[PDB]
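Inspection log for the structure reproduced underneath, given as structure tokens.
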């Protein structure tokens, strides 16, 4: 079950394919594509407007029919330079990412069955929690903290 | 969406346009114009009676009709020199800040649609929560932390995919 | 609104004129007058029995008719030498200050209108919370914390 | 009003009068007389079987008849020096202090009116909270914290201005 | 009242009489005798299978009939020195101690009257709450925290 | 009672017997044999895809019929080296552990009676609570914490003294 890096990769792929050089209205970042999950922390990232996805703690609760609900959290960070203005561009980026999370359907989902093929599925819901922002320190750079929760039912049932 | 920084910019513009060299009754600081969000912290600020607006964490919940309720927290700080007295001038400056934050209408918006023009919008309600004051240290200067919350309805960018 | 240094100065003035060299009954500290708000901390204060008023966190809540009720906090400190005994004199100090808090009316108050004159007003109610003291350290001196709350409605209404 | 120092003084006087070489039954410490609130901390105190009553933070609430309920906290500390066992004698002394605080009447006062005489008053009730015990370190010495709280009705110095 | 070191000594005597060289099969420890309250911390204890009793914080409640209830806590520690496996022998010891606490009756008790004789009494109930285990550090030795509560009404009533 | 080490040993025995070179469908990490409670921490463990079962604090309550409810916690940690990807391999291993927790039967015991034989018993239910992983530091290595709770009814060694 779990399928956590699957969630992360699905979100990254969705964001990349919905932001890359298309639909200039309703989306304003013009990312050639930089979003990923392998490279983060701060070191590396020599390119900017770069958005990284973290993978955090998840909590599960049991239903008495084999059903599984798994509340899982993806911390999100955004780094910006003074293209125009740090606060302005940062809010532009966070509005863009929140829009791409909310306005479009549910995530395509790319589980890997043991010694088989991928059975595409979906993720139930999205809830976006508190949104934070960097402080005055580190003036030329910027940070934007996003807390989003995902809940999915893994394609299995108990005994 | 979000409109955060747009909210802060509209609020600071309202402050500047409302407490500058006009209507000296019920409002007296005669700021040539100082308040902004671009420059803050403490370094710089050669001018005083300088009130600054910061950007804080949001909080959100979903209502089952496409509308989402979000609380914006704007911790705004007050800096002032000695003059006649730190306490009296500080409190009356924050009193002016609160009377302009409450008495005069609601907010305005100058939000920008993606690669388009700015369509005005509105902020639903504003509540000013706990307000603090600094201590004796740094005597000729002084801090005055006042925390405000903004309840705004973002444009419902659902049902239109 | 706010109007807090006026609250502090009103409390200081009330204590001073209600405790200075008059009514030997009820009150006895014979404070010729030391109480203030400009000078505190500990450094300076060469005179004793001195009582100082602090400035604390405020709290506000809204009523849906323009009415504003503002919870306020004034920590109070008292510093004493050995006239007879630290505990005894510090304690009848805190007793006298609590009595001047409680027994006499509401505040006579000195709010200041912008570019106008003072419209004397009233403060609704006062609640005295925990009263603390110091530790055995600093034997020749003494400290005693007082936590009071000023509950007032600012003389203004919303739109 | 408050009277917390007078409460401490009356309680220590009761301890001294009720432990000193009298009532050999039901009471076993034979304090010739040691207990006080004047000298405490640890430094000094060349005598032992010593018990010291600290006077601490309080709590209060308001009732709509002029009467005020005050919760006073009196941290009580005890000390011992071997002479058979730390644990047995510490238990013995804390048991004696607990039976004094419990089974013997109510609490007397010796409060002083403004520039007048002393009119006796009483404490409404006593309640004893957790009683801690120190650890092994400082082997020949020992501590056992006793947290007691009293509820007293102070003289209702309202309605008579 | 209080009667705390008497609780500790009664527990120690009970464990000694129900562990030593007799009643095997009921519980497993062939402990000749090591349990005590005078010697603890870690230093001393040259021998192993040591079990120690601590004396901890108690809480009391007052009933409006002179009745007295006292919620008292006795942390318990057990030490071991292999001869097989740390986890195996440690759970062996904790099972032994939980059995000796639970299976047999209430506590026989040896409270001491003022300048008189001992009036044996009873302890109402025992509840054993969370049981802990040490960390991998200090491999040749072992630790396991035992937390129990004893309920006793002291043989006296109020006025 | 307790059974903590016995529960852990039976759990890890089920892990090793179910992971090794069999049923490649639905289950693939191919632990030849490795995981146990004897060796853990980090020092040693030259072999990876290694998962450790620790023994943690428990919780208990009493019900008025002699039966004891004991809530026991097993912190489980996952270690993995880079083969194709740290994230993919760590996720798949934790998924395999979780499906061992869920889809396979109940938990067996091998508890030994005092100076007697081993009569097997069962575990009531398994609940797997929050599970977490490490961060970027120690890049070629990885950590994945698993917190699992086991509810067991210990043999009612009451009413038969």
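So basically every Cβ, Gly included, is an ideal-geometry build from the backbone, and we count neighbours across all protein chains shown. Please treat every number below as a calculation from the coordinates, not as lab data.
Summary of computed values
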read-out: Whichever residue in region F:32-42 is under 24 Å from residue E:136 (Cα atoms) and away from every other protein chain (no Cβ under 11 Å) and, among such residues, is nearest to the chain's Cα centre (by Cα); value: F:35
read-out: Scan of region C:58-82 for residues that are over 28 Å from residue B:134 (Cα atoms) and within 14 Å of chain D (Cβ to nearest Cβ), ordered by number; value: C:82
read-out: Hits in region A:115-142 - residues which are part of a loop (DSSP other than H, G, I, E, B), more than 19 Å from residue A:88 (Cα to Cα) and touching a helix residue (DSSP H, G or I) at 6+ places or on another chain (Cβ under 9 Å); value: A:123
read-out: Enumeration of residues in region C:1-25 that are surrounded by 18 or more Cβ atoms within 10 Å (Cβ to Cβ), out of contact with any helix residue (DSSP H, G or I) (no Cβ under 7 Å at 6 or more places or on another chain) and facing another protein chain (nearest Cβ under 8 Å); value: C:6, C:8
read-out: Residues (under 15 Å from residue F:7 (Cβ atoms) and more than 9 Å from every other protein chain (Cβ to nearest Cβ)) located in region F:126-145; value: F:126
read-out: Members of region F:105-121 found to be under 13 Å from the mean Cα position of the chain (by Cα) and either within 11 Å of another protein chain (Cβ to nearest Cβ) or farther than 30 Å from residue F:60 by Cβ (or both), listed by number; value: F:106
read-out: Looking only at region B:46-55, and only at residues there that are touching a residue at least 12 places away in the same chain (Cβ under 8 Å) and away from chain A (no Cβ under 11 Å), the one that is surrounded by the fewest Cβ atoms within 10 Å (Cβ to Cβ); value: B:47
read-out: Residue count for region B:146-159, restricted to those that are more than 30 Å from residue C:39 (Cβ to Cβ), away from chain A (no Cβ under 14 Å) and assigned to a strand (DSSP E or B); value: 2
read-out: Which listed residue, of C:145, C:88, C:73, is in contact (Cβ under 8 Å) with a residue 12 or more places away in the chain, surrounded by 13 or more Cβ atoms within 10 Å (Cβ to Cβ) and either within 20 Å of residue D:72 (Cβ to Cβ) or touching a helix residue (DSSP H, G or I) at 6+ places or on another chain (Cβ under 7 Å) (or both); value: C:145
read-out: Condition check for residue A:137: within 14 Å of chain B (Cβ to nearest Cβ) and free of Cβ contacts under 8 Å to residues at least 60 places away in the same chain; value: yes
read-out: Residue F:123 vs. criteria touching a helix residue (DSSP H, G or I) at 6+ places or on another chain (Cβ under 9 Å) and exposed (fewer than 14 other Cβ atoms within 10 Å of the Cβ); value: no
read-out: Test: residue in region B:117-128 that is within 30 Å of residue A:25 (Cα to Cα), touching a residue at least 12 places away in the same chain (Cβ under 8 Å) and not in a loop (DSSP other than H, G, I, E, B); value: yes
read-out: Within region B:102-113, tally of residues that are in contact with a helix residue (DSSP H, G or I) (Cβ under 8 Å, 6 or more places away or on another chain) and closer than 21 Å to residue A:87 by Cβ; value: 6
read-out: Verdict on residue A:112 being surrounded by fewer than 18 Cβ atoms within 10 Å (Cβ to Cβ) and either part of a strand (DSSP E or B) or away from every other protein chain (no Cβ under 11 Å) (or both); value: no
read-out: Residues of region B:9-22 that turn out to be surrounded by 12 or more Cβ atoms within 10 Å (Cβ to Cβ) and within 14 Å of chain C (Cβ to nearest Cβ), as a count; value: 2
read-out: Criterion: within 8 Å of chain F (Cβ to nearest Cβ) and surrounded by 17 or more Cβ atoms within 10 Å (Cβ to Cβ) - qualifying residue of E:128, E:101; value: E:128
read-out: Within region E:26-36, tally of residues that are crowded, with 19+ Cβ neighbours inside 10 Å and more than 13 Å from the chain's Cα centre (by Cα); value: 4
read-out: The one condition in (1) surrounded by fewer than 12 Cβ atoms within 10 Å (Cβ to Cβ); (2) over 30 Å from residue D:84 (Cβ atoms) that residue D:139 fails to fulfil; value: (2)
read-out: Selection count where residues are more than 14 Å from chain F (Cβ to nearest Cβ), without any contact (Cβ under 8 Å) to a residue 60 or more places away in the chain and at positive phi, scope region A:26-57; value: 3
read-out: Listing of strands (runs of 3 or more DSSP E) fully contained in region C:3-105 that carry 1 or more residues being more than 25 Å from residue C:124 (Cβ to Cβ) and in contact with a strand residue (DSSP E or B) (Cβ under 6 Å, 6 or more places away or on another chain); value: C:68-78
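Here's the yes/no breakdown for (1) under 18 Å from residue F:146 (Cβ atoms); (2) touching a residue at least 60 places away in the same chain (Cβ under 8 Å); (3) within 14 Å of chain A (Cβ to nearest Cβ):
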site: F:2; (1), (2), (3): no, yes, no
site: F:27; (1), (2), (3): yes, yes, yes
site: F:44; (1), (2), (3): no, no, no
site: F:57; (1), (2), (3): yes, no, no
site: F:61; (1), (2), (3): no, no, no
site: F:79; (1), (2), (3): yes, yes, no
site: F:94; (1), (2), (3): yes, no, yes
site: F:99; (1), (2), (3): yes, yes, yes
